[PDB]
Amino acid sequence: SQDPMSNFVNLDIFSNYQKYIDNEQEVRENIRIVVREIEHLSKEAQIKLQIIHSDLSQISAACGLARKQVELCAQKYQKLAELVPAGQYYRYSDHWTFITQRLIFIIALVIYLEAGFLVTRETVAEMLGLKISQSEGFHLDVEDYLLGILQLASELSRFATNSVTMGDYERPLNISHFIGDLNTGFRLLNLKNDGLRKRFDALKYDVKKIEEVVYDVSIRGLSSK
């Protein structure tokens, strides 16, 4: 009556929104606590695996140590799942995508080093206690899996070089075949201009670095078979 504009611009709308956002910030804060616990476990696995670059005889010990850290992650993911209501996974998922890509990288690196093959998205989900399908519960996004395994190539090109320095002249060829198959898989995906395609586009430089190492040893007939 004194002020018709106060009817139209209803300040309850702004106070409701403040409440909504406060509630959401509280959830984000709880999520961040759990994600930092995950980051701490993944760093520990990562530090142990740095040994592959200076001592080839420590690889299986490092692998075992990392699997122990990975086991502890799955328990944290259950806590995360408890904080995230159904239908709201992608409301909050920016909080754990980076660390999840990192754990996938670590798992894939361990499996390559133990057995020589590429871990599946399903095996990675099982090891983290994650569903493969969002309808089943808190899930592993296939894009996070794909981004994680792309991190392999940079680590493996570093490892190819160090392996030769340390007298293991067969490793680069093995890596070359493994990264070659990964590359074949990625080209199968026929990715279009997006974030995944941008990161795929960097894989070629690691492919090139590895091919150069293979060339250097083969042109010299170097062997430690």
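For every residue, the number given is its place in the sequence shown, counted from 1.
A summary of the deposited B-factors shows that, of 197-205 and 6-14, the stretch with the larger mean C-alpha value is 197-205. The question of which stretch, 97-105 or 133-141, has the higher mean Cα B factor is settled in favour of 133-141. By the numbers in the PDB entry, the CA B factor is greatest at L188 among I59, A160, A45, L188. Among the modelled residues of its chain, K192 has a C-alpha B-factor that falls in the highest third, as given in the PDB entry. Among all modelled residues in its chain, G64 ranks in the lowest third by Cα B-factor. Among all modelled residues in its chain, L173 ranks in the middle third by Cα B-factor. In the deposited entry, the Cα temperature factor of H53 places it in the lowest third of its chain's modelled residues. Ranked by Cα temperature factor within the chain, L156 sits in the lowest third according to the deposited record.
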